[PDB]
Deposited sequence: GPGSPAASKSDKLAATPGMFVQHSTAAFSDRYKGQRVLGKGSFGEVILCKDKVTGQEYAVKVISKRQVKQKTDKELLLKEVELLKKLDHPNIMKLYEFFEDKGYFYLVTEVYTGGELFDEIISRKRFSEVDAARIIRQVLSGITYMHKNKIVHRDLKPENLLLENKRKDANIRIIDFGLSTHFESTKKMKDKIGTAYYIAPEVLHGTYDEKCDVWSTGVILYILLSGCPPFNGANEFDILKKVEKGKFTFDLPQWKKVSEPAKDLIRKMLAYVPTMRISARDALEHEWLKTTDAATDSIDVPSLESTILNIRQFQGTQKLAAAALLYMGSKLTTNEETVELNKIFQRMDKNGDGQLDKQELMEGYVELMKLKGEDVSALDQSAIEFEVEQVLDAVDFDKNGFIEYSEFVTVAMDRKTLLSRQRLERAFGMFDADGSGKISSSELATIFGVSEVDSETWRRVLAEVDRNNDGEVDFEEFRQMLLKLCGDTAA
């Protein structure tokens, strides 16, 4: 098919960054280049851009980020290349670094730490599934989305990340003293390095101190390479055994003996909670998902575009909680069984009896929801797919958002969407005549062979 994915929408622009964005301030420096809070000149929306000098050549971080769609992974909007520069426009997270909260609150609640680590493990479980290793996980590269109390966590800085193969092992030495796994120092490593790092992070969150420390960089790396850490400090008397157990498993010296991300999610400890949802909100969401009816590809791209690239964080904070709670196994994907239990979970909340339920009837209904909603036909409902679908359709199809989507689709400004433009949107040479025929047959009002902003408008407004 034509697989509708958020990533397909980030395309190499041939406009000047300067024509559409305006620098506001410096947020900081990354793995390689600095990040500049910018504003879209026309919509006043804020993004965090990463600028990279051509002199200091690979836009690798862009390709990785297009393949990832996860509620705890940094979002990428678009990117510009210059004579001298690259610009990677991304969503801006306004709660700042975990690092700073660490040095502020000093020590984390087991509840808060479990939540945080769960989301990080979820991000990497997803990444590892897609053959990507981060390689530089630390509180610096974890952002709180906003200032709210128990803010969601985003992974950032994929500038040192790479594709890995189960066949051939990685050799380049990459990371940060406190967080680097011994095998990266040794010169041969795999995706388990990401676990080790996350295990270090966890240790810090719970105790306030790193597990391997030293007077300087060099001292630390020796301590790290020896692998030995202890729970000998007084603040550990306040922490539960399972938490230590997980830590042990995540910092097991030998990679093959160390827990995978995917398995770490299932650990006892990470199910530590205290945090609930309004029934109405959940009901709205569940009802919006049930009522999404599949459609032609122009509409699919449009909705996914609006849902994945044109929605702010403020708008999706509730949707984001729901998804994580419906994702029982953490992997960043909703599956048929997860979906089934969601509806059941809601049914308990409504008093309706679990026993008196046609399990197979529901399971059937769920198969059909999945079919409607799974934009890329990978058998899973990903976050942006979920948002597009679960958001209130009048909220999503605000009169702004509609105008903005159409603009993006009508690349030559002709006031009409052509099949060539649609192909362009999908990142593919041409749209199957079958598909386009299917598309026009449902939309073309004047019947001029193309879709204008009224034809477009009503297409979605159903």
Practice task
List in ascending order the stretches of the deposited sequence, numbered from 1, that lack C-alpha coordinates.
Solution key: 1-11, 68-75, 294-296, 485-491
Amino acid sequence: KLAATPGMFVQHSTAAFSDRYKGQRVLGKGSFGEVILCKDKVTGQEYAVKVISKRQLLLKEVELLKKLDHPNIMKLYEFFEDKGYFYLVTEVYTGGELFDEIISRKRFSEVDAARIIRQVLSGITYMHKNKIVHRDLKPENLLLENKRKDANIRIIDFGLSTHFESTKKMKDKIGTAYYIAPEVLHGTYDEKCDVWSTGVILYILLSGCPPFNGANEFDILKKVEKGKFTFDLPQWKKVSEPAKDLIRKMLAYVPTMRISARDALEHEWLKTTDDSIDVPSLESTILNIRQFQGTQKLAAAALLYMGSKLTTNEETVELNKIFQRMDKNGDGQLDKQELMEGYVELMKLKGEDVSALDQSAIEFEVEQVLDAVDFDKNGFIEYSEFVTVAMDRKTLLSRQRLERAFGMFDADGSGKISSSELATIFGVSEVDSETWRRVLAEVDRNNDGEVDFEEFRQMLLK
From here on, numbers count along this sequence of modelled residues.
Practice task
Compare the other PDB entries of this protein and indicate whether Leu57 is left unmodelled in at least a third of them.
Solution key: yes
Exercise for the section: Compare the other PDB entries of this protein and indicate whether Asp275 is left unmodelled in at least a third of them. Expected result: yes
Exercise for the section: Tell me which of 100-108 and 139-147 has the higher mean C-alpha B-factor in the deposited entry. Expected result: 100-108
Completion exercise
The stretch carrying the higher mean Cα B factor in the deposited entry, 168-176 or 290-298, is 290-298
Completion exercise
Per the deposited B-factor column, the C-alpha that peaks among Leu76, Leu246, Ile117, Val354 belongs to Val354
Practice task
Could you say which of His70, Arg437, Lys66, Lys39 has its CA atom at the highest B factor, as listed in the PDB entry?
Solution key: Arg437
Problem - For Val428, the third of its chain into which the C-alpha B factor falls - result: highest
Handout entry: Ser18 - which third its CA temperature factor falls in, relative to the rest of the chain
Key = middle
Handout entry: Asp371 CA temperature factor, ranked by third within the chain
Key = middle
Problem - Third of the chain, ranked by Cα B-factor, where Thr256 sits - result: middle
Exercise for the section: Grab the CA temperature factor for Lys83 from the record and place it in the lowest, middle or highest third of its chain. Expected result: highest
